[PDB]
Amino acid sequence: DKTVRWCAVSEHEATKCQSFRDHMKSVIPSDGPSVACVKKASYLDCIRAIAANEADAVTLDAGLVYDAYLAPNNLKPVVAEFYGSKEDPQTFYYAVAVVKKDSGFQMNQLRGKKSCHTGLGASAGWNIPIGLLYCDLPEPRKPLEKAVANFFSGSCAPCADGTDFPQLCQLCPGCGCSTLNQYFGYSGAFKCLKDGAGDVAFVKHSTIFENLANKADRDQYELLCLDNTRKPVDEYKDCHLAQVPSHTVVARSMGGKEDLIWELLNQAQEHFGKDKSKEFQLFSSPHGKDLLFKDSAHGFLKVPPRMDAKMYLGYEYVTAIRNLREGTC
């Protein structure tokens, strides 16, 4: 069934990808689907490679999946991740704003604070939180990047150009767009909050649970709700900024090997899915969190035939992005 050149971003993913290829080869029959690893510096390069036919697949955050659709790459979502459980799969998750208990400020008081973002253009770490604070931001608001750097008093927005918007890398100099940046991603934005570099971390509802196994430690943290109040991390369903589409694997539209990508992932979630193997795991890793696929994922679901990004993502979230990228006050 040929090979799916998987795009790994940086060395940790590269390692897990190499492990993914070995283990798959050790079980799936010589005729089945195999995996190859193409290592890139950022998801941006991953998107260029796939569109150039030097790679075939990569998993992306909804917001990045939207971007991958715009020309001249026009990549399509082919396999989505689902969370929660296999019995009740959820193809969405909750963006939340985590903070340290007794920090003393609600949502309408973020101005002047320090922000820890998962990454620029990501749903929970950027599109959702910045969309909601769009008008609180100082004018001019365009370019957005600079208005955000001005609203807060120091941030970490991975993938942002540190040369044009220095304050966006104040909490993580260089704004590295990969695990090389320790404050990159969910658990990265959380560590930025925990080490005390920032005051708030825009991540997902499961992030803190992936980092603090003891409730005692977690009680020293809270969520900022939309009604300008705070609630425990356990109460995200009623204290989140928004609900968003699940991360999804994207591929080319022509000669995209979507059937093979899915066949590879479906067989892979049976062999190495949640609690399935003692040799290898798809949704966890000894080299780091959320490498290739997010840790909170429980499996995969095949995206309907020929579906494009707009359709998959859905109108509500597409609008949310269009509004943030346009919108007025």
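Note that residue numbering follows the sequence shown and begins at 1.
The PDB entry reports B-factors from which the mean C-alpha value can be compared for 233-241 and 248-256; the larger average falls on 233-241. The PDB entry reports B-factors from which the mean C-alpha value can be compared for 152-160 and 136-144; the larger average falls on 136-144. Considering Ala122, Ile208, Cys177, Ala216 together, the PDB entry gives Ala216 the largest C-alpha B factor. The entry assigns its greatest Cα B factor, within the set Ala189, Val78, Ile130, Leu226, to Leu226. Residue-level temperature factors show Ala320 in the highest third of its chain, judged at the C-alpha atom. Compared with the other modelled residues of the chain, the Cα B-factor recorded for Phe293 ranks in the lowest third.
Per-chain ranking of the deposited C-alpha B factor places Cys37 in the middle third. When all modelled residues of the chain are sorted by CA temperature factor, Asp45 is found within the lowest third.
For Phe92, the recorded CA temperature factor ranks within the middle third of the chain's modelled residues.
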